[PDB]
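**Student:** Sharing a structure here in structure tokens format.
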Amino acid sequence: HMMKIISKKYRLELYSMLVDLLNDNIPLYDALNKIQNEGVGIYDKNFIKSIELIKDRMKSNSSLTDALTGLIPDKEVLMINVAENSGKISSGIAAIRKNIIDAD
């Protein structure tokens, strides 16, 4: 019932898989479906639920930036907004993933 930022571990896993699928020219929403369908029940119930949450928000909002607001840190939302505008989602997600990893 409460919106929480998706864990760093979940975001790293999600971003890495998304980069792979997006640069195979799979659309973002289709990529999310693929990750789920092939991930149950290899992945944890909560990881699958996190993808369902992203999908639900994409359906109920008018941009990816709005959909991810409240689900990823504000600094990552900002980079998603530039990527959405420039039409470089995959490379934007790749740079976010790099930042998380470099932070360690």
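When the letters of the sequence shown are read in order and numbered with the deposited numbering, they come out as residues -1 to 102.
Even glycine gets a Cβ: it sits at the ideal position worked out from N, Cα and C.
1) Apply the 10 Å Cβ neighbour rule to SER84 and answer buried if 16 or more other Cβ atoms are within range, or exposed otherwise.
2) Which residue or residues does DSSP assign as beta-bridge partners of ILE70?
3) So, does the segment 18 to 26 touch the segment 36 to 46, judging by three or more C-beta pairs under 8 Å?
4) Alpha helix (DSSP H) containing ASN31: first to last residue?
5) Give me the Cα-Cα distance between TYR8 and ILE49, rounded to the nearest whole angstrom.
6) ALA101: buried (16+ other C-beta within 10 angstroms of its C-beta) or exposed?
7) CA-CA distance, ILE4 and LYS86?
**Tutor:** Looking at the atomic coordinates:
1) Looking up residue 84 in the sequence shown gives position 86. Exposed, by the Cβ-count rule.
2) Position 72 of the sequence shown, counted from the first residue, corresponds to residue 70. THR67.
3) Taking 8 Å as the limit for Cβ pairs, the verdict is that the segment 36 to 46 does not touch the segment 18 to 26.
4) Within the sequence shown, the letter at position 33 stands for residue 31. First-last of the alpha helix (DSSP H) with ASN31: 26 to 37.
5) The residue you call residue 8 lines up with position 10 of the sequence shown. The residue you call residue 49 lines up with position 51 of the sequence shown. If you take the alpha carbons of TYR8 and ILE49, they lie about 10 Å apart.
6) Here the question's residue 101 lines up with position 103 in the sequence shown. Exposed.
7) Looking up residue 4 in the sequence shown gives position 6. Looking up residue 86 in the sequence shown gives position 88. Roughly 22 Å separates the two Cα atoms.
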